[PDB]
Amino acid sequence: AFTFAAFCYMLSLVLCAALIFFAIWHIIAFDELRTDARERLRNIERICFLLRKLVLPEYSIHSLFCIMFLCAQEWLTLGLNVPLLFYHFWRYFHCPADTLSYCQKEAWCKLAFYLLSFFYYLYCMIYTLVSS
Amino acid sequence: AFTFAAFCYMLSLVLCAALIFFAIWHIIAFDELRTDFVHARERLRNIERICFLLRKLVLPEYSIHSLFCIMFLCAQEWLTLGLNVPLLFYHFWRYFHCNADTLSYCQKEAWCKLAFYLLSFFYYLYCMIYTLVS
Amino acid sequence: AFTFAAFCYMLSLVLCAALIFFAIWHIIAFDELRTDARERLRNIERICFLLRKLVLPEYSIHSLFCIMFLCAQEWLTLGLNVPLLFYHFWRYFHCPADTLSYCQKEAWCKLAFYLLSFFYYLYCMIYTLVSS
Amino acid sequence: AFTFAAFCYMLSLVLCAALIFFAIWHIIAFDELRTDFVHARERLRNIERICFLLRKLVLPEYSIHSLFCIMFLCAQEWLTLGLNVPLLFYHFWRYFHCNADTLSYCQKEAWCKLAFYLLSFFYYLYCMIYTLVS
Amino acid sequence: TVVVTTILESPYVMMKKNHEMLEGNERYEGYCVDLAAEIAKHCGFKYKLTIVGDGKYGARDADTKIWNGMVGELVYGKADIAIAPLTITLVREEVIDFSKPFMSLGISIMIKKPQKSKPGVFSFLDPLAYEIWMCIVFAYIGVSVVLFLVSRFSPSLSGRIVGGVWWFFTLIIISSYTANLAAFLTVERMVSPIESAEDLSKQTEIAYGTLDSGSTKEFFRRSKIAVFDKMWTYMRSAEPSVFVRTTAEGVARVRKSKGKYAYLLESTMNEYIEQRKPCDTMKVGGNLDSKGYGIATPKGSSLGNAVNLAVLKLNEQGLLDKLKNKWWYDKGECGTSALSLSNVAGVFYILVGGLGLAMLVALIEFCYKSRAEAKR
Amino acid sequence: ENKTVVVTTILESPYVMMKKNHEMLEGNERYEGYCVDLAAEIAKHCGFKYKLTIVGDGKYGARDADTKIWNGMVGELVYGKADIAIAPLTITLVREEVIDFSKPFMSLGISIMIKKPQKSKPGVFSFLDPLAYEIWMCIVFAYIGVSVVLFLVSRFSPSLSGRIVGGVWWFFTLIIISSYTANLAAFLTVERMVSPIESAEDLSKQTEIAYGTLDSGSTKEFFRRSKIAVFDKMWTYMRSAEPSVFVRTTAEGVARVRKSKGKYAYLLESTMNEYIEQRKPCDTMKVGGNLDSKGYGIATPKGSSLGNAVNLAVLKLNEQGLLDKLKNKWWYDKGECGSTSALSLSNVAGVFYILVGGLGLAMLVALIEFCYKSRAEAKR
Amino acid sequence: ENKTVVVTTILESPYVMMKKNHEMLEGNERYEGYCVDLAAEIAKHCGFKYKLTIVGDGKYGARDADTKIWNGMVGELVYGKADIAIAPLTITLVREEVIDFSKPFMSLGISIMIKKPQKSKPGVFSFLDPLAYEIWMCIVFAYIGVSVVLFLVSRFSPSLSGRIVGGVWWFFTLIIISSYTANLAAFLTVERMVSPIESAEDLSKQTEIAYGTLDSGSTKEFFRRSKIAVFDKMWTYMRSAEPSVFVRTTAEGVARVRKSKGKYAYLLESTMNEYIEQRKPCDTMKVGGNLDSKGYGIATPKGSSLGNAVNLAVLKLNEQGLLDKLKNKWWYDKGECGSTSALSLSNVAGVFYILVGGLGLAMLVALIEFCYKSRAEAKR
Amino acid sequence: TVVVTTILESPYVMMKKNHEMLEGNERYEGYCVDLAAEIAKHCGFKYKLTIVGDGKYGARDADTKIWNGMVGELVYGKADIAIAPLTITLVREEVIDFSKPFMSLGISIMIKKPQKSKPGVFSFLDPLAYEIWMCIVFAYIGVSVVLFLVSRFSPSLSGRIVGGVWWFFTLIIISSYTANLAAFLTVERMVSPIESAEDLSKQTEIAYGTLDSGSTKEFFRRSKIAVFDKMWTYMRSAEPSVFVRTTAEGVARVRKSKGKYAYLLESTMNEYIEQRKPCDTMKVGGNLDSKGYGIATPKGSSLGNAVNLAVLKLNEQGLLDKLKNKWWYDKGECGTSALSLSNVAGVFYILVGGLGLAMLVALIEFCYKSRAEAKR
């Protein structure tokens with residue numbers, strides 16, 4: 114009924130519920146910066162600082178998801194998740210930081226990916242719970 | 002003879018004692034301000050300090066009262082909760098309802114509030130007594 | 114062999130072992146101030162601050178000793194200790210702070226008192242340990 | 002087959018790995034300073050920073066080595082402790098024994114020290130092996 | 048044949064389930080039944096197991112010295128032998144011939160076996176000794192004092208070892224408390240403070256009484272001994288009257304007085320009741336006095352000596368004990384939980400007390416600090 | 003040659019059973035079972051064709067206390083109505099004085115049957131059983147009250163109150179965790195040191211589990227005529243049954259022991275016990291070794307010639323393992339079924355449930371706080 | 003009048019004993035004991051002066067399988083050498099066929115004697131017993147190593163390393179405290195559910211505690227002639243003794259059970275057991291109720307006239323409580339002696355010892371640091 | 048009288064301690080002794096308990112079909128009856144007349160009772176399920192992640208409830224682990240994975256063998272059944288040769304091979320050994336085959352039928368079982384600790400591993416941070 118995999122799915126679900134709002138706030142910050150003296154400079158630089166800050170969390174939780182789904186013998190979800198891992202790796206290698214288009218497109222794609230992984234985890238947990 | 006309600010009631014007694022103390026302090030501060038209404042800048046800074054303490058002593062009210070009501074609920078009590086409800090209604094009303102003229106009402110309110118809590122205190126004790134032996 | 118009183122005596126002993134050095138440092142600070150611009154003012158005011166600071170500890174530990182010896186049914190030691198309690202109370206009421214003579218005399222008397230209470234506690238604990 | 006000495010030995014392996022890293026870093030810093038011996042004030046501030054890090058990396062040496070020796074003692078070992086003792090003697094000697102000329106010796110010392118620790122590392126492992134199966 | 052007078056008392060004389068559907072010695076059953084059976088097997092005679100008229104054991108009238116009971120039957124020829132639980136006394140032996148006791152007994156104490164004691168408010172401290180609790184408290188406050196002294200008396204290398212030793216200490220304390228409490232809750236050993244009559248004499252929390260009138264009551268009236276004199280003083284000087292009307296009345300009184308009453312009766316009947324369901328009784332201590340049940344026979348007879356020898360041969364052969372184990376123990380019918388708040392209420396009391404104390408302390412501290420700051 | 007040797011038997015399963023379509027078959031092929039293959043092998047050995055028959059009275063054999071007549075297959079043999087019996091016939095003394103039993107083709111005895119302990123289903127929130135919820139609610143509200151009081155104290159007095167609340171909370175949590183741990187350890191230990199059964203004595207001593215038998219038969223007769231202490235005590239107990247432990251049919255005992263949870267046991271021939279254990283619902287099991295020792299054997303008239311050959315064949319088959327083969331076939335191959343200590347997550351699920359619930363609630367609170375802060379500070 | 007009634011007795015304590023200065027006293031005043039006051043009361047009742055005497059053979063009485071002669075006081079009575087016996091004489095059948103025993107003035111039986119469990123002395127550092135010191139040292143050095151590593155990490159990297167060391171230390175301390183607690187609970191529980199003894203069966207079942215008797219006497223004779231299961235098993239055990247459980251003298255049994263820790267028990271008349279329990283070193287106790295039932299009685303010739311009066315007097319005294327008085331006098335008033343579950347500090351002393359040691363060491367370190375800091379900073 | 052040929056094997060035929068000091072039937076003792084005693088009490092005859100010459104049970108020679116053993120005695124008139132543990136077989140019944148089995152038995156498995164298993168490196172995890180451990184680990188790291196996310200994704204009212212629920216969780220986890228470990232350490236239930244021969248056939252960790260030659264070995268050569276065919280294949284195809292020389296040799300081999308060997312022998316002898324000290328053995332599973340011991344008598348005699356009826360009357364009277372319980376169980380001789388490091392070594396391994404890992408991580412973090420700061 115539990116099988117220890119429903120727990121990994123619950124945890125990933127709770128974290129993606131935050132990631133979706135995180136990506137939404139990225140999109141809204143991009144819409145704000147789309148406006149393109151000290152007032153605007155600060156009002157944009159503070160948001161840019163909040164952005165440049167929240168980068169380690171995504172990598173951390175993605176590594177967490179992959180590690181968990183690897184230790185739970187669930188290789189399907191790991192295969193679904195590794196593409197974003199390689200994407201984050203290449204980003205760390207070379208990330209643009211002109212840059213607005215790439216940023217908003219990556220944000221939208223990652224948002225859709227997280228929103229779909231939400232339902233994927235939900236359905237997988239539901240299936241695992243009633244697999245008696 | 003514990004009922005699980007004796008614990009809630011004594012906790013409420015403690016928190017209500019603190020709340021009565023805070024209400025008395027608020028009444029005294031409002032009286033001091035009424036009396037008050039570079040020594041001028043000194044008195045201005047003093048009313049600033051008192052207003053700062055007041056603003057700092059707002060969240061505790063809501064906290065303790067919400068705790069009282071939720072614990073009364075979780076303890077299956079229904080004759081006391083209903084009596085604390087109007088105060089929670091007034092508190093939530095204060096937001097979308099709300100210095101030379103404000104005090105003209107504030108004091109009154111505070112005073113009455115104190116009385117209420119005071120009464121509540123007694124009553125709580127009463128309950129736990131009638132709830133501690135049965 | 115233990116009777117829970119040897120423990121109170123051990124604790125009081127460990128605290129008086131610090132009090133004796135504390136009083137010794139008081140006496141030495143008094144000897145220093147006996148010398149009676151910014152150099153001397155600071156070199157004396159820092160020590161005076163250290164002095165005015167370490168007042169709560171003595172009262173705290175004396176209250177601790179009295180409370181313990183009261184809860185251990187040892188009324189003799191409590192009777193020996195209450196005089197210093199009343200002394201500290203009157204000091205808090207009115208303490209001089211010209212003042213050198215009173216300070217050094219009180220320091221010497223309290224030092225002798227603590228040094229004798231050391232041996233008293235030691236002998237009492239030794240007696241309690243072999244009271245089998 | 003644990004002996005209580007395998008734990009001490011592996012702990013020593015870990016601490017010695019950290020110590021080897023620190024010694025290599027010290028050698029590299031001394032080499033950088035030898036090479037170095039408002040860009041002038043910049044280099045002065047840089048050697049100040051490196052000296053600050055050095056002074057910060059002195060207590061750990063004594064700490065880990067004293068821990069090694071005391072744990073070797075508490076584990077009834079007598080053939081290794083005696084080998085770490087000379088280093089503790091040298092450390093305690095450094096106080097009442099001790100930049101353009103100091104390095105002329107410092108480097109050497111550091112280098113040799115590293116070697117020693119390195120050897121020690123191996124040896125420790127060796128011991129735990131011969132102590133982990135018997 | 049022979050006339051065997053007896054009386055209906057279990058497990059000595061009992062009517063089988065088919066008593067009405069049978070007309071013979073097979074009607075009755077019990078200890079004395081098999082006893083007489085073996086006595087006949089030894090002496091080889093005939094016997095008809097009759098019953099006494101007045102349904103009594105034996106005594107005399109102080110106005111006409113007439114013997115009522117089996118004693119009257121054996122004295123006045125109405126019977127030939129009385130195989131019954133007849134107590135051996137001086138008066139009875141002056142007139143008839145008793146045999147050596149086949150069943151020795153004495154007064155004994157019946158109570159209700161210890162039921163689960165009420166939890167008790169401050170019971171969670173039972174696993175550890177009081178002194179240990181006080182030592183723990185003072186150790187905690189002393190450690191706090193030292194931590195305070197290593198902050199103002201010095202700017203750590205002192206708080207480190209202190210924290211470590213405190214960790215060790217609290218670890219061992221938690222472990223000891225948990226282990227002892229688990230041992231307490233697992234086995235649940237039950238004991239009462241009454242292992243003798245001296246304990247009852249030393250206390251008055253529980254009461255004790257006897258049959259309204261009988262050999263036990265008279266023995267207690269007499270028996271000018273410290274303990275029994277004290278017990279007679281108590282029972283006579285006590286309201287409500289501890290005495291009862293019959294055996295079953297006192298038994299029930301003990302059964303409805305879980306921790307109040309204790310009956311005194313023949314040890315044999317005590318064991319009998321203890322072995323009969325509901326199994327809510329127990330015999331405690333040892334026999335106060337020493338008496339014996341023995342066969343009876345007129346002052347002059349022919350089966351007296353034979354019966355004595357038979358009783359001795361049985362007692363030495365390992366038979367009477369077998370019959371007793373059968374009619375008392377073999378026949379004997381009398382062959383974890385969760386934890387409630389009442390067990391830990393003291394913890395919450397202490398918590399609320401310390402909490403209100405801290406609140407009051409903070410209130411006065413504020414009223415002093417802010418007052419001194421504003422007014423000055 | 004021969005004269006179609008008669009073979010009287012009985013309809014007891016799995017010894018002899020009617021095929022699914024016996025209404026469209028011949029006698030020898032009509033029935034099927036252990037005894038059938040046994041008779042086939044006996045014929046193959048002695049070399050003779052036979053004709054099977056069932057006993058009218060549906061019994062084995064006994065002597066009526068009035069007529070002193072032998073009924074069942076015993077009578078069919080003694081009275082010429084039968085030539086040989088290949089049914090399970092408990093060898094006995096009275097039954098041997100009139101016929102010539104063969105050697106035991108199947109040894110057995112009296113054995114026990116109970117409910118297979120497959121009852122293991124832990125509640126989701128079973129970890130709250132050690133102590134009542136009346137305490138869990140107190141614990142929760144004490145936590146929140148202590149947090150509230152610390153907040154108040156260190157808010158309006160920015161110590162001593164903090165130190166004393168910390169000490170009292172230390173004491174409280176100490177006692178609480180220790181009480182929970184100790185009661186849980188008691189539960190586990192008690193549940194651990196309970197050996198269900200390993201023998202009759204395990205039942206003779208205890209009383210919670212009642213053991214019963216058939217109304218009247220060889221079992222109760224063996225118990226009455228027993229001179230053993232354990233069996234004597236068990237017979238005394240059954241005689242002291244309240245309610246009745248006995249039954250008038252084995253199926254009744256089976257049904258009531260399946261209905262009972264674990265407090266009833268049934269005594270019977272080990273053979274039927276095994277056959278049942280290998281039948282649906284497969285909820286019973288045989289544990290204790292056979293108490294007595296007896297055996298079934300082939301019967302034949304006291305003055306018949308078959309005796310020698312049939313005994314020789316029985317021994318030959320017992321030595322060749324053919325009887326073991328037929329047993330493994332009709333008891334296990336034909337079976338309706340094939341044949342820990344640590345804590346499983348099922349006992350702790352609620353813990354992780356509430357954990358994740360709290361984590362999600364905290365994330366929600368953090369998100370709404372971040373919004374209500376940033377939006378209400380930066381712009382409005 | 004009378005003829006100075008002879009009274010043959012035996013020198014068994016406390017029944018009859020020689021006063022401290024018997025060498026300077028008369029016969030009746032020379033001896034003293036229960037039986038002496040009993041004879042005094044008997045004389046007061048029947049009204050006759052008596053003369054005491056001891057038995058030559060130092061025995062009670064028995065029949066030799068060759069001479070069929072009565073020895074001891076029994077013979078002294080049957081052969082006119084004695085008029086009456088006021089010594090403890092176990093009533094028996096063979097002994098009753100020749101004399102007229104009185105009624106039992108003292109009932110008794112067979113009982114058990116063991117070592118009083120006064121062995122309770124806990125070591126100072128007994129709280130380390132649950133697990134070897136080899137683990138305590140590892141724990142200490144692990145604590146110091148973890149502290150050192152945290153220091154290093156958060157010193158040269160002012161995190162992640164801190165988080166992982168915190169997690170691993172959490173795991174470690176969890177398992178360690180849990181292991182200690184569990185092993186301690188096992189110790190306590192095991193030590194708790196051990197009922198020493200409450201009856202013979204408690205010995206018949208177990209084997210650790212060996213039970214022995216005298217070499218040969220009424221006890222072993224009762225055991226051999228016993229038809230009880232428990233006593234039969236105990237007799238089989240004693241017959242299977244390895245080494246020998248029997249002894250040739252009660253003092254030997256007493257000495258060896260006092261030497262043994264708790265694994266030996268001695269069976270004997272309850273009377274002597276009580277007298278011993280009320281004697282030095284007062285290290286023994288009687289627990290189990292009397293197994294058998296017998297009684298001592300006054301003897302007299304089969305054709306004597308005293309029988310009636312002496313039986314009447316014995317019953318009169320048993321009813322008046324005089325015998326109970328003499329028992330309470332010679333067993334308790336004359337006694338060489340008068341007559342829990344929680345944890346005591348003695349089990350935890352070392353904890354507080356090391357605590358105070360660490361506190362003092364910390365105070366010393368703080369003082370030396372304060373000095374080396376202030377002195378070396380302010381002035382030099 | 049009658050000639051009673053037997054053979055010396057316990058507990059059937061045994062010499063009393065005073066065998067040399069006695070000349071008569073009192074010399075011998077055991078099961079078959081009392082058996083013949085009761086047989087004579089039933090039939091009322093005379094008998095002299097002699098002994099066999101060759102010290103064997105019975106068999107024939109394939110070169111001269113000569114019967115050696117008690118069989119030869121009964122066949123060649125050397126004896127009149129053989130009350131011995133003689134196995135009933137086809138060959139023997141073709142020549143003589145056996146009685147109904149008085150003692151049924153079969154092959155059985157003897158091993159050494161489970162000794163305290165080696166602690167095991169990672170044994171401290173046994174109290175809890177593996178999945179629970181992984182769930183705990185991932186819960187810890189997830190909680191840490193959330194605590195991290197409530198500090199940078201927000202400036203607490205979030206860390207409060209998180210800390211509280213984590214407190215609850217860790218509390219319950221500690222308690223569960225402690226309780227289960229205490230239950231494990233208190234009772235110490237011991238079990239082996241071998242409750243049958245199928246288990247042995249399914250594994251090879253331990254070996255099993257039989258007497259170098261005998262009825263058991265031949266039965267295993269034959270018995271073309273899956274399990275026994277596999278076992279014969281194993282025992283024949285295995286080095287060293289599992290077979291032994293005699294019973295005691297295999298017994299000792301099992302006694303010195305705590306977890307390696309398991310002997311196959313008659314269940315009766317197995318129980319006998321199991322009841323004889325040092326008590327380091329046990330019989331497992333159930334009888335593989337089914338055989339019986341029965342009296343013997345020549346093809347033509349007079350006491351054959353009487354002996355059969357006597358055996359049946361005894362088996363039905365409750366006597367053979369009594370003699371067996373006496374000579375096996377009544378006579379049977381076979382009527383907490385601290386904690387060592389080996390039980391928790393895995394904890395220290397894990398600790399040191401995580402510690403070195405943290406150290407290396409810190410080293411690389413420093414080499415990166417300081418490098419980036421100085422070089423840039």
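Chains as they are written, first to last, in my numbering: chain W, 114 to 245; chain L, 2 to 135; chain S, 114 to 245; chain R, 2 to 135; chain Y, 48 to 423; chain Z, 3 to 382; chain V, 3 to 382; chain C, 48 to 423.
Every residue, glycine too, gets a C-beta built ideally from N, C-alpha and C.
* Just checking, does the region 215 to 227 of chain C make contact with the region 345 to 365 of chain Z on the three C-beta pairs under 8 Å criterion? -> The region 215 to 227 of chain C and the region 345 to 365 of chain Z touch, with no fewer than 3 CB-CB distances between them shorter than 8 Å.
* Considering only C-alpha positions, which residue in the set C/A226, C/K165 and C/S151 is nearest to C/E313? -> Taking the eighth sequence and counting its residues from 1, one reaches residue 313 of chain C at position 266. Considering only alpha carbons, the answer is C/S151.
* Residues sharing a beta bridge with Z/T11, DSSP -> Taking the sixth sequence and counting its residues from 1, one reaches residue 11 of chain Z at position 9. Answer is Z/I56.
* Determine the extent of the alpha helix (DSSP H) in which Y/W213 is found, giving its start and end residues. => Locating residue 213 of chain Y in the fifth sequence gives position 166, where the first residue counts as 1. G206 to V234 is the span of the alpha helix (DSSP H), which, as asked, contains Y/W213.
* **C/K160 beta carbon less than 8 Å from that of C/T328** => Taking the eighth sequence and counting its residues from 1, one reaches residue 328 of chain C at position 281. Taking the eighth sequence and counting its residues from 1, one reaches residue 160 of chain C at position 113. Judged by beta-carbon spacing, C/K160 lies within the 8 Å limit of C/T328, meaning their Cβ atoms are closer than that value.
* Give the secondary structure of Y/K338 by DSSP, where H, G and I count as helix, E and B as strand, and everything else as coil. => On the fifth sequence, position 291 is the one that residue 338 of chain Y refers to. Three-state DSSP puts Y/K338 in a strand.
* Mind checking C/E252: buried by the 16 CB within 10 Å criterion, or exposed? -> Translated into positions along the eighth sequence, residue 252 of chain C becomes position 205. Exposed is the call here.
* Using a cut-off of 7 Å between C-beta atoms, extract the partners of C/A230 located in chain Z. => Taking the eighth sequence and counting its residues from 1, one reaches residue 230 of chain C at position 183. By Cβ distance, chain Z contributes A187, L190, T191 and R194.
* To do: With a 10 Å radius around its C-beta and 16 neighbouring C-beta atoms as the bar for buried, classify W/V168 as buried or exposed.
  => Within the first sequence, numbered from 1, the residue matching residue 168 of chain W stands at position 55. Looking at its Cβ environment, which holds fewer than 16 other Cβ atoms inside 10 Å, W/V168 is exposed.
* Asked: Taking one C-beta from the region 77 to 95 of chain V and one from the region 296 to 309 of chain V each time, how about it: are there three or more such pairs within less than 8 Å?
  -> At 8 Å Cβ cutoff, the stretches touch.
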